[PDB]
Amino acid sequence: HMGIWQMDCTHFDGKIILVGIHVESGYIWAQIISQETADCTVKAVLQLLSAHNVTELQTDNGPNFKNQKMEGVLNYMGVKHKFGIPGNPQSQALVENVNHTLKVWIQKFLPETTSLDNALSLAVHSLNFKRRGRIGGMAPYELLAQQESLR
């Protein structure tokens, strides 16, 4: 599962959060986007591709993902795109559960930050930089780095 990310939009406190999960490590990337549109979604996905190795994206078929602009960008960047209906187990199996967890952590940080954006960043940080609570457990960020390094 080198380069494989699964992505979905979720909604929290009236805002749209585009969430990307590196499926092999569980590392999370997340950004608030202005609108659930082709243009905002292309913009955010390009930011992810600029920062991380992405070989394939697994999404649902929302019109912000399934459209000529995204199709063209992903072709141009050499990224495979897998999609089906919202919630499908083929390309969206991890998102309900991950978005559930992320929101719990966002809520946790809300009262101690000055913005939703900072609450999100703190929740993401916690999830990426906490070791799995098991004997050999690694943080998702570590698993990411280690997997890429070997690759």
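Counting begins at 1, following the sequence as shown.
Higher mean CA B-factor, judged across 115 to 123 and 65 to 73 from the recorded values: 65 to 73. Stretches compared: 14 to 22, 131 to 139. Higher mean C-alpha B-factor in the entry: 131 to 139. Comparing the listed residues 45, 57, 51, 85, the entry records the largest Cα B-factor for 85.
When all modelled residues of the chain are sorted by CA temperature factor, residue 7 is found within the lowest third. Annotation for residue 98: C-alpha temperature factor in the middle third relative to the rest of the modelled chain, per the entry. The deposited CA B-factor of residue 41 belongs to the lowest third of values across its chain.
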